[PDB]
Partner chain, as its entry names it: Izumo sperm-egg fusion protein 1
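Quick setup: one chain, the form deposited without its partner chain, written in structure tokens, and binding and motion questions come after.
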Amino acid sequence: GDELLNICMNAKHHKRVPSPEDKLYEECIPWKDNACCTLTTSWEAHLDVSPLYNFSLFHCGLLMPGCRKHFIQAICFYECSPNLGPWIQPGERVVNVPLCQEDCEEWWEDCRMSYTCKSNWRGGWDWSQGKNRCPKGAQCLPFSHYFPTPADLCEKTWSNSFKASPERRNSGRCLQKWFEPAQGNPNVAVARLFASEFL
């Protein structure tokens, strides 16, 4: 129960334990009250091809600013959230964090006219240059082609780290990948809920 709250997964960048950060960079600002990411990690999240993963989102050339913003926010969420304990599964990762409907929907809307070449990003890239390239015969086409629904986008872009939830925002039953810093973190209560109910 309490074991699952206010912890950081054991992945390669995460802080051992969450704690306030005097400064986080831009999109990661929302987590600065209590974060699993360092300043350096928050900065690296914003680089053209983040050195955190060396996965290029620009593999089809056309990735729009509004689309990339959602992806940077996703990195901040993964790297900074102290509220993922309940979905930590075995050295750890996260599986099927329930993202609210609006988080998936807007992400999808803002990425429609960007281009990718694959639906299942978890693997099957041409990796020869040190960054991933589209494999042989994988056509660059709009995100709406490879991710027909918001749910496809959320789930497949991050190797099943996230699960698109039928629940909406402020329902207490799903997590937001980003939130306005003024408002305070809506995900604390949600993690508490899953923790208390033995999942």
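Positions refer to the first chain, counted from 1.
Beyond what is shown, the protein has a form solved in complex with its partner chain; the following relates to that form.
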Do all of 95, 154 and 167 end up near its partner chain in the deposited complex, with near meaning a heavy atom within 4.5 Å? no
Just to be sure I understand the contacts: of 51, 137, 61, 130, which is the one whose heavy atoms reach within 4.5 angstroms of its partner chain in the deposited complex? 61
Of 163, 46, 173, 145, the one that lies within 4.5 Å of its partner chain in the deposited complex (heavy atoms): 46
How about residue 25 - does it come within 4.5 Å of its partner chain in the deposited complex, if we only consider non-hydrogen atoms? yes
Partner contact for residue 115 in the deposited complex: its partner chain, 4.5 angstroms, heavy atom: yes
Should residue 74 be counted as a contact of its partner chain in the deposited complex, where contact means heavy atoms within 4.5 Å? no
